[PDB]
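A.B. asks: Turn this into a model:
(21 chains)
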Amino acid sequence: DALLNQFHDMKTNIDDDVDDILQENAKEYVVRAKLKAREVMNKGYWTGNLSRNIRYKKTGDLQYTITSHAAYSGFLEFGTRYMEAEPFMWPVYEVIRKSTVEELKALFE
Amino acid sequence: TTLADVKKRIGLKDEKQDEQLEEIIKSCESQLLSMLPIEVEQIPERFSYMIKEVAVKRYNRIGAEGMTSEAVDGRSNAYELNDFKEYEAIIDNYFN
Amino acid sequence: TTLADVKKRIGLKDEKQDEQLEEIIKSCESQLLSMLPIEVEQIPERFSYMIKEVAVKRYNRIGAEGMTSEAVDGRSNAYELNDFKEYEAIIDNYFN
Amino acid sequence: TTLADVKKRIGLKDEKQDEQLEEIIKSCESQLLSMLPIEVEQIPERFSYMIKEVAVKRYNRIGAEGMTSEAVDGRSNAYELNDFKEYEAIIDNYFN
Amino acid sequence: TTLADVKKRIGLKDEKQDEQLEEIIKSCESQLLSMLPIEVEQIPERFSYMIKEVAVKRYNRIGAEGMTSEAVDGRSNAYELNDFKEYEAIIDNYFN
Amino acid sequence: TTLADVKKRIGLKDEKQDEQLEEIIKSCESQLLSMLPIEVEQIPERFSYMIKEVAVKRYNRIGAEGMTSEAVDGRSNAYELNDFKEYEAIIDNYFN
Amino acid sequence: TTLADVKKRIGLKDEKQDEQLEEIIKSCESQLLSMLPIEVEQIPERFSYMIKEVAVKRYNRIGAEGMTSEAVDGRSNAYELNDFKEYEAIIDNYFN
Amino acid sequence: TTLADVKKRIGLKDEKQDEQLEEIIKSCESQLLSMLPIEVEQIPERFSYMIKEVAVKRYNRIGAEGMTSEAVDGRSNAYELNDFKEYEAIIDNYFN
Amino acid sequence: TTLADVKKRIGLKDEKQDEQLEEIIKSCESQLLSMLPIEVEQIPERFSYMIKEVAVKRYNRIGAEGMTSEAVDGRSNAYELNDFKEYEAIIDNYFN
Amino acid sequence: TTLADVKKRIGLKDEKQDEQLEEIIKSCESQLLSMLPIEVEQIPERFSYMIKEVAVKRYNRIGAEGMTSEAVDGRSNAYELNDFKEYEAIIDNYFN
Amino acid sequence: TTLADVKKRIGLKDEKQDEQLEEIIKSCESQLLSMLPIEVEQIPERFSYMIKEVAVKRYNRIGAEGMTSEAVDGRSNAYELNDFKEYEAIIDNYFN
Amino acid sequence: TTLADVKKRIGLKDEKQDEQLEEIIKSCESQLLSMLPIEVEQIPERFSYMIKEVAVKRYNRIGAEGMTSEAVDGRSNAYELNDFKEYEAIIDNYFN
Amino acid sequence: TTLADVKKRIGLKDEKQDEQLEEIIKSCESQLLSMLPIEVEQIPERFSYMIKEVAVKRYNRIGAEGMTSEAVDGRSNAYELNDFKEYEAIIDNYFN
Amino acid sequence: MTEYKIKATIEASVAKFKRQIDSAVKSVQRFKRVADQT
Amino acid sequence: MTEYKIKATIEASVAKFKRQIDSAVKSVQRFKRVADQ
Amino acid sequence: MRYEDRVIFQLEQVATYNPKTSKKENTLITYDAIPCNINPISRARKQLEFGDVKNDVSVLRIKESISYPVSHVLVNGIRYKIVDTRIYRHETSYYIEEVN
Amino acid sequence: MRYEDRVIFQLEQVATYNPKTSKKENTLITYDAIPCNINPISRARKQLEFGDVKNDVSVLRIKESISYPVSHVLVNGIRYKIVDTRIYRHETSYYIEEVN
Amino acid sequence: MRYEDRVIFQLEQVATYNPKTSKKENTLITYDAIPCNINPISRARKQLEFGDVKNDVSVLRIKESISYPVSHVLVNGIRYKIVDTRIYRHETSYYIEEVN
Amino acid sequence: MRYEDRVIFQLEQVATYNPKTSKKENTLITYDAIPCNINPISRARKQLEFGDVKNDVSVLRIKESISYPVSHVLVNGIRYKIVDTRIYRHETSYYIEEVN
Amino acid sequence: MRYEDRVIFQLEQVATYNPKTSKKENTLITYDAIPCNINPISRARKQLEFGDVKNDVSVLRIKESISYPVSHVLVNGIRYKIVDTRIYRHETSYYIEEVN
Amino acid sequence: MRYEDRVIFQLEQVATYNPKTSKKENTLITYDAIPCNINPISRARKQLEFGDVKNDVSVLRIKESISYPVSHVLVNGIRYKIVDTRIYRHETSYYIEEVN
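C.D. replies: Numbers count the residues shown, from 1 in each chain, chains lettered A, B, ... in the order given. Sure, structure below:
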């Protein structure tokens, strides 16, 4: 009989539930990418300055952007005229997509 | 060469691309015949395979002739510097 | 060369790019005739295929004539440093 | 050159940019005429194509004259270091 | 040069940047006249285009005169190491 | 070699690729017989295994004969620069 | 120089930064006058532009004097190693 | 060698791959026997272990014979350039 | 120098950092007076600007005096390898 | 060596890998005895530890004998280029 | 030096770290006195500033003495290879 | 050495790993005694510390003997190329 | 040195790590006394600070004695290639 | 050099669900107001 | 700057629920009529 | 860019609903084919209310720009709606999605 | 690409429901096996309304292309529904998911 | 940066609602055009409650800074609302979205 | 890979529920231990309806492959359910989660 | 770091609600200005229940640390609430958001 | 790792609720301090039902391992609950969160 309270709460709080799940998956994206970099970038010149420069920001409401700030990092993600590719953010896209979708489902199942 | 042997190697059983392959083969033959000594009017049969090998290389390179690399949405190719580089040495060593 | 022989290799079957290909071919013919010794008045037919091959390279490179890398909405191309570099060695080795 | 032949190669059928292309061509002609031997008052017709080729290079470089690379929203260009470098060698070899 | 000839190439059609372009052009003229031998009192018209070309380079570089590369909110530029580098090979080759 | 001996190593147990493997093996034999001195009429059995090994290398490379790298939907290959490179040191050391 | 010409080039129409620019200009003048031969008590007017050019470089570098690179959250600069490097050569060549 | 000792080292207790391993071993024996001095009709028992070691290397490389690296969706290999490189030096030093 | 002349360039307008800047300036003066020949008792006014410029470099570097790179909550700096490096070429060239 | 002395270092306490470690140790002994001069019939006890150390290196490398790197579901390894590299400097220095 | 002048430069107004700074200064003094010629029993006052400068370097390096780099959760430092590298040259040049 | 002093340095107060450490120490002693001049039957007490230092290095390397790097979820290491490299020079300099 | 002097610099104020620091210091003293000429029986007090500095470097490195780099749950360290490297230039320069 | 950085972005839209919830709410308030007269 | 994206858009099929509650309303009103008329 | 493929642009011109005949029959303007460059064809599962369909999300590229209004493209025998168009200096790039 | 594995393509041809017999019996067309390249087998937990099943999401690759319509593949003794197919110039790439 | 394009800034000055006439007529202050640098034009599908519109989300850059209050820009003949303005030392960067 | 650790595989064989006795007693088949390689132990907080538990989500690796059916592993004294098994040519990799 | 900007720290000290007068008047303690380093000013659209406001999320950095309690900062004439403070060895870093 | 900081481990031992006195008084076991390494202190805004609190989410590292059961740590004068512990060969790493 009091069901209006449940719908009111859903209207009021689910904004923060989505924001929290986005933030958690953004942090996990950075953590996994920082590992994956050393997982493949092992031809032996590693300072790790790339991994010092993977970051994320809440660039908009319900929008988090991860960014590899090291200038040469594209040349590593995509390879070059002289180097094979050693992709490091793509393999994390394949992970965090699944976690994000299934956790948002679990918010409503 | 025949066309049919390049065709057999690349496993291409239809006819949809014979217009391109005949031009590729005509090109490879002309280039190899350009690399021989000036006197030599005919490609030695010892080298007849090079035409086929390079033709397959060029077949794979269709749409990337001028390009060291090609990529789109997780399909990517990177190409060697020079189709005949392996064979420049053999042709030299045979005539010297 | 004929236009048709270039047209066949790049797989074109219509008229909509003839005015570009004509000028590309005319430019390749002029450049190659610039690379030969001063006494040479015409590209010898022994080399005619180069005019075709480079005309294809430039066809691919169209819209990127000065550019080493070219990315447009996920489509990424990177280009050879010099269209004629392979043929420079044949030309020089033939006249000298 | 004419303007119309650069225009034909770059496939540009309207007139919205003739003011820029005429300045680009005037620039390329002046530079090539600067690279010739001091005595030579006229660009040899053997080289008349270079003016066109570099003009197309420069047409593509509009807005990136001094820049090795240019990028926004995933549209990215990277440019070769010197427009005439391919032709400095030919001009040299022709006069020497 | 005139200002108008630079103005035409960079495609400007209004007055709102004249006071910068004037000083850019005046600086390019002073620099180029610094590169010529001491006895030279004026840039010879043979070289006048250089003043235009570098004036465009610097127009692009405006706000980055000391910087190797520059990123501002998703727009990135990278800059050639020396505006006159190409022309040093012409100037020196001409006087010597 | 026999086809069957290559077939065994790459683990094939059916007929569906024989027409490619035949042409690959025939090409490897032609190439190796190109590398031996001019007086040699047949690959000596001492080297017969090379024809097998390279036939396997080329079997893996199929669809990539010119390419240094190849990505297709998360499957990534990178290829050795020259199939016979190891064996040049044996062939040369044997005849000389 | 005047202040007003550096001011005009950098397009800075207010007065909020004259205290800094006057120190920058005084610095550039002192450094250039340090690079001349020991006897030379005055900056040649042939070089008067260098003071302006380096001042604009330094104006851009405000807050990054000792830093080769500077970045924050999507604004990034990288700086060339030596403001006068281009002009060390010109000053040398003029006095030698 | 026996097959059974390669089998024991790689810990492979079933029989599902004996057809491949027997070809690999036959190949390694032939190659090592190719690296010996021309007179030497038999592999010295001092070197009998190399056949086993390289066979294990090749067993691991199955499906990557010509590939310097190989990756898919969480599984990546990168391979050394030449299986016998460690042993070319030992064979040399033993005969010299 | 005066403190005020450094203070003006870095744009400071209050007293809250004087005790650091005083020690920075005093250190720069001691260093530069260490670089000059042993007979030199004072920095000649010809070089006085160096003391200012380095004092600004160090002011930016404050909290990073040993560090090549420094990242703090998205703010990132990378530092020139030697504060006096430009001026060594002037000092040495002046005394010798 | 005994098997037990290798077994102790790698921390094993059961029998489940003895048949691999036996062959690894037997291979290491054969290799080291290949590196000594021809007159040497046995590894001198002075070097016996080498057989142990390399036996551990190979135990780690098991399943990667040819591979510079090995990535498996977020575990990843990179391997030293040559197991005996350190000991070549001792062996050679001892006999010579 | 005094402690108080290092204290003033690093802006450290409390007393929480005097126990560390006194050891750092004592260390820098001992090292500099080690770099002087063997006869020289006292640090020349011309060099008295180096003790202070290196002490500030070392103060920053607290917790990273042995480390080329340190990183955690968006803080990172990279350290130059040798604190006295700048001054080894000055000490040399002064005594030679 | 004793075991107990390696034990003390690595801070390992239980007994769970003495079986491994005793083998590691026995190995380091044997290797150092292999690096001495052939005549020298005993490790000089001047060098007795090297055994301890390398044993600690090897303690850390447990599970990475042959590996230049190891990585796993949350943890990774990279290792120096040769444990005794620092000490090869000291042992040399002492005997020469 | 005393333990207390190392203890002070690293800021320790309790007893819980004395048994490690004691062995570290004892190792540093043994190493430095290995680097001096054979006739030297004790580290001269002129060098005593080295034992302290390296004792701090090693304290930081504890648990990483062989490792170029160490990453543990987002905390990442990279280590200097050789602890005594700076001091080799002092020791050698002092005795020779 | 060039600043060849890479981005990945995660973002969500709730505004449609917001309006669907408003529609359900006012339908139940319709039931509330008729139950009050009953 | 290449950008990878994951978008999530959130839905509820309330068009069934509305019809249910409206059917309940219209059913209840029959009672009110039967009582008063 | 290799501009090999030929695209036909279209504008579907929206008519006003006619309440007296219950029709809002649109009309298609269709243009001459232009040389373009396009991504490889996908045929993804898209999962509509009534069931599965073979969708294709793609990008198409043309040199300089076209004078005239457009809304759909037909290429490779598939008809797409334009859902973004990006206008660079010398190049135009259209994001397109198959209809159905 | 090494094209070692052999795939059997299938088309499950959808019949019209017959209301007089309550049946809509489909029919399978099945083709000769083709050489292909395929990812290593996964056997992930997938969690359906009735419980756990061993799912397999995968990609399969073939040289050039096939003339004929397809809908499922059988390979390694697992039957998959094709959920995307991606058509490059000289190669075709199919995204496939196990049924059940 | 090449500062080629010319932008016109605007301030839409919000009037107070007049209940006697039911009007709250705003007034626009509009400024002289400034040299700016702007991203290439997008024309994305945006899907509002009433349907599709051609939206444009973009960034605009100007050297140093402007003395005066602003709220909208008009450039390339499109009117945008400023939704962020970021203030660097020598440069100002405005995030802008088309209205409608 | 260093294959140091020893894993015991298990199959928990699901019995048919018996409505005469209200029991569905499963039975465990358990195998001889195999050399494996495994990630370092985690002991994460997992937050069930009844409260906190120490969970462990991990990966285990074995050389070549096993002939026989499995469902759980016991290693390091922790029992895990297999939730994925990935089958490379010469290597098998099991994703495992602790039960409880 | 260049520590050019001057920050004023504040503590807003929370008073206890007075039910006799319905007031809970807080009091501000305000400190002497400190040299700091701060990100460039943003002025983002933030979209509250009553409408749009110009928000500013930012980071501020100071050398070593401050003895005294703080809660807000005033700098550049903007007042921020401190929402995180991160305490490195020689440096303190404050995450700050504008109020309103 | 520099193991400079000193951590005190604790086990809060959970008592069984006593319905005769309505108490379930736990008891703390507390251990001797251990040398550890810890991330720099954060003091984030965390936003509970009753309001804001200064939270700290952190990681702590110790050489080898401890024989004894633990549940909380006290370090830097802050008390944390352990929420993960990660057991490498020679090193133990604890994820910890402040209580309150």
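
A.B. asks: now the nearest residue to residue P:88 once chain neighbours are set aside: how far from chain U?
C.D. replies: Excluding its sequence neighbours, the residue lying closest to residue P:88 (C-beta to C-beta, 6 or more residues apart in numbering or on different chains) is residue R:40, at 5.0 Å. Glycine gets a C-beta too; all of them are placed from N, C-alpha and C. From residue R:40 across to chain U, the span is 39 Å (C-beta to the nearest C-beta, to the nearest Å).

A.B. asks: I'd guessed residue R:40 sits against residue D:75; true?
C.D. replies: Yes - if you go by C-beta atoms under 8 Å, residue R:40 and residue D:75 touch, sitting 6.9 Å apart.

A.B. asks: Which residues are in contact with each of the two?
C.D. replies: residue P:88 (C-beta atoms under 8 Å, 6 or more residues apart in numbering or on different chains).

A.B. asks: Let me see the ranges of the helices in chain N.
C.D. replies: N:15-36 (DSSP state H).

A.B. asks: By proximity to chain D, which residue of it wins?
C.D. replies: Nearest to chain D, among the residues of chain N, is residue N:2, at 4.3 Å (C-beta to the nearest C-beta).

A.B. asks: For that residue, the count of nearby residues, please.
C.D. replies: A count of neighbours around residue N:2, defined by other C-beta atoms under 10 Å in any protein chain shown, yields 23.

A.B. asks: now the residue nearest the centre of chain A, what's its secondary structure?
C.D. replies: Closest residue to the average C-alpha location of chain A: residue A:29 at 3.1 Å, with C-alpha atoms, centre = their mean. Of the three states, residue A:29 takes helix under DSSP: H, G, I helix; E, B strand; the rest coil.

A.B. asks: Quick check: residue A:104 vs residue M:4, distance?
C.D. replies: Taking C-beta to C-beta, to the nearest Å as the measure, residue A:104 falls 59 Å from residue M:4.

A.B. asks: and the residue in chain N that chain K sits nearest to, what is it in contact with?
C.D. replies: Residue nearest to chain K within chain N (C-beta to the nearest C-beta): residue N:5, separated by 16.6 Å. By C-beta under 8 Å, 6+ apart, the contact set of residue N:5 is A:67-71, A:73-74, E:71, O:1.

A.B. asks: who wins for neighbours among those?
C.D. replies: residue A:68 (27 neighbours).

A.B. asks: nearest residue to that residue other than its sequence neighbours?
C.D. replies: residue N:6 (4.5 Å).

A.B. asks: Quick one: name the residues of chain P near chain C.
C.D. replies: With C-beta under 8 Å from any C-beta of the partner chain as the criterion, chain P meets chain C at residues P:1-4, P:6, P:33-35, P:37, P:39, P:59, P:61, P:63, P:86, P:88, P:90-91, P:93, P:95.

A.B. asks: returning to what we had before: now flag whichever of the contacts of residue N:5 is closest to chain R.
C.D. replies: For the contacts of residue N:5, the minimum distance to chain R (C-beta to the nearest C-beta) is 10.6 Å, reached by residue E:71.

A.B. asks: show me where chain B has strands.
C.D. replies: In chain B, the segments counted as strands under DSSP state E are B:67-72, B:75-79.

A.B. asks: And the residue of chain B closest to chain S?
C.D. replies: The nearest approach of chain B to chain S comes at residue B:74, 20.8 Å away (C-beta to the nearest C-beta).

A.B. asks: Next, give phi and psi for that residue.
C.D. replies: As for residue B:74, its main-chain torsions (degrees, to the nearest 10) stand at phi 80, psi 20.

A.B. asks: So it sits against residue F:73, correct?
C.D. replies: Yes - contact criterion C-beta under 8 Å: residue B:74 and residue F:73 qualify, at 5.9 Å.

A.B. asks: Report the separation between residue N:3 and residue R:59.
C.D. replies: In terms of C-beta to C-beta, residue N:3 sits 15 Å off from residue R:59.

A.B. asks: Look up the closest residue to the residue of chain N closest to chain K, ignoring the ones flanking it.
C.D. replies: The shortest distance from residue N:5 to any non-neighbouring residue, by C-beta to C-beta, 6+ apart, is to residue O:1 (5.3 Å).

A.B. asks: How about the contacts made by the residue nearest to the spatial centre of chain B?
C.D. replies: Geometric centre of chain B, nearest residue: residue B:54, 2.0 Å, by C-alpha atoms, centre = their mean. Residue B:54 is in contact with B:28, B:31-32, B:83-84, B:87, counting by C-beta under 8 Å, 6+ apart.

A.B. asks: ok, 6 Å please
C.D. replies: Shown in contact with residue B:54 (C-beta atoms under 6 Å, 6 or more residues apart in numbering or on different chains): B:28, B:83.

A.B. asks: Start and end of stretch P:77-95, how far apart?
C.D. replies: Taking C-alpha to C-alpha, to the nearest Å as the measure, stretch P:77-95 stretches 17 Å from start to finish.

A.B. asks: Buried residues of that stretch, list them for me.
C.D. replies: P:78, P:80-82, P:84-86, P:88, P:91-95 (16 or more other C-beta atoms under 10 Å in any protein chain shown).

A.B. asks: got a list of contacts for it?
C.D. replies: Against stretch P:77-95 from outside (C-beta under 6 Å, 6+ apart): C:73, D:75, P:59-62, P:65, P:72-73, P:96-99, R:40-45.

A.B. asks: From the chain's centroid, how far away is that stretch?
C.D. replies: Stretch P:77-95 sits 8 Å away from the centroid of its parent chain (C-alpha atoms, centre = their mean, to the nearest Å).

A.B. asks: try stretch B:41-58
C.D. replies: Between the centre of stretch B:41-58 and the centre of its chain there are 7 Å (C-alpha atoms, centre = their mean).

A.B. asks: Can you give me the buried ones in that stretch?
C.D. replies: Buried residues in stretch B:41-58, counting neighbours by 16+ other C-beta under 10 Å, are found at B:43, B:47, B:49-58.

A.B. asks: Let me see the contact set for the residue of chain B closest to chain S.
C.D. replies: residue F:73.

A.B. asks: mind running it again at 10 Å?
C.D. replies: A:87, A:90, C:74, F:71-76, Q:86, Q:93 (C-beta atoms under 10 Å, 6 or more residues apart in numbering or on different chains).

A.B. asks: Of these, just say which sits nearest to residue E:11.
C.D. replies: residue C:74 (29.1 Å; C-beta to C-beta).

A.B. asks: What helices and strands are in contact with the helix ranked longest in chain B?
C.D. replies: If you go by DSSP H, chain B has its longest helix at helix B:18-35. Under the contact criterion of 3 or more C-beta pairs under 10 Å, 6 or more residues apart in numbering or on different chains; DSSP states H and E, helix B:18-35 touches helix B:3-9, helix B:48-60, helix B:85-95, helix C:3-9, helix C:48-61, helix C:85-95.

A.B. asks: Can you tell me the number of residues neighbouring residue P:26?
C.D. replies: For residue P:26, using other C-beta under 10 Å, the count is 9.

A.B. asks: One more: the one 4 residues further on?
C.D. replies: For residue P:30, the number of neighbouring residues by other C-beta under 10 Å comes to 13.

A.B. asks: now residue A:20
C.D. replies: Residue A:20 has 12 neighbours, counted by other C-beta under 10 Å.

A.B. asks: Equivalent analysis for residue A:38, please.
C.D. replies: 21.

A.B. asks: show me what contacts it?
C.D. replies: A:46, A:48, A:50-51, A:88, J:76, L:69, L:71, L:76, L:78, M:69, M:71, M:76.

A.B. asks: Just the closest of those residues to chain Q, please.
C.D. replies: Closest to chain Q, out of all of those and judged by C-beta to the nearest C-beta, is residue J:76, at 17.1 Å.

A.B. asks: That closest one: how many residues sit nearby?
C.D. replies: Residue J:76 has 22 neighbours, counted by other C-beta under 10 Å.

A.B. asks: Roughly how far does the residue nearest to it when sequence neighbours are not counted sit from residue A:35?
C.D. replies: Distances taken as C-beta to C-beta, 6+ apart put residue L:71 closest to residue J:76, at 4.5 Å, once the chain neighbours are dropped. For residue L:71, the distance to residue A:35 equals 7 Å [C-beta to C-beta].
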